[PDB]
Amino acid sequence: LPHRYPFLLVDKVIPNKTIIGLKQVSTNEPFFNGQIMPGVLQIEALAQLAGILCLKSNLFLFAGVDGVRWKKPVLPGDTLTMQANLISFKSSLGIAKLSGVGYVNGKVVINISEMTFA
């Protein structure tokens, strides 16, 4: 699974339709260097999940993204629950469009209408 971002943000994943995975945030969190999980890192988190699907459905690059809304911040001790649903995969152009959601104890912390990969 290709990521231009250094650390993988999916602790574990729990075809051609949908994926679910987890990520417990902690005090460790190698994502900075020396406290909350920035919204753009949540965008990165869902986007790595999506590709795990795409890869189980052949190189692919996160091309774009739209429809992102961060409802609540993600804090240390929070278990992020992520789901990405496949929308279309036209090999015609080679474009895939996923949709993503993030939960924190059953609540929505971040929505994503569409994530493009090519």
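Residue numbers run from 1 along the displayed sequence. Rigid core here is just the name for the largest C-alpha set that superposes within 1.5 Å across the two forms.
S.K.: Which of these two stretches, 47 to 55 or 23 to 31, has the larger RMS Cα offset in 6 other deposited structures of this protein when the rigid core is kept aligned?
M.R.: Looking at 23 to 31 and 47 to 55 in 6 other deposited structures of this protein, the bigger mover is 23 to 31.
S.K.: Would you say which of 107 to 115 and 4 to 12 moves more relative to the shown form in 6 other deposited structures of this protein, going by RMS C-alpha distance with the core superposed?
M.R.: When 107 to 115 and 4 to 12 are compared in 6 other deposited structures of this protein, the bigger C-alpha shift is seen for 4 to 12.
S.K.: Would you please confirm whether residue 61 lacks atomic coordinates in a third or more of the other entries that were compared?
M.R.: In none of the comparable entries (those modelling both sides of it) is residue 61 left without coordinates.
S.K.: Is residue 42 unbuilt in at least a third of the other PDB entries compared?
M.R.: Residue status for residue 42: no gap in any other entry.
S.K.: Just how many deposited residues go unmodelled from residue 108 to residue 109: none, 1 to 3, 4 to 9, or 10 or more?
M.R.: Gap size class: none, per the record.
S.K.: Note how many residues of the deposited chain are left out of the model between residue 57 and residue 58; the options are none, 1 to 3, 4 to 9, and 10 or more.
M.R.: According to the record, 4 to 9 deposited residues lack coordinates from residue 57 to residue 58.
S.K.: Give the stretch, out of 88 to 96 and 66 to 74, with the larger mean C-alpha temperature factor in the deposited entry.
M.R.: According to the entry, 88 to 96 carries the higher average C-alpha B-factor.
S.K.: Output the stretch having the higher mean C-alpha B factor in the entry; the candidates are 1 to 9 and 108 to 116.
M.R.: According to the PDB entry, the answer is 1 to 9.
S.K.: Out of 42, 35, 48, 79, whose C-alpha atom has the biggest B factor in the entry?
M.R.: That would be 35, according to the entry.
S.K.: Going by what the PDB entry lists, where does residue 26 fall on CA B-factor within its chain: lowest, middle or highest third?
M.R.: Residue 26: CA B-factor falls in the lowest third of its chain.
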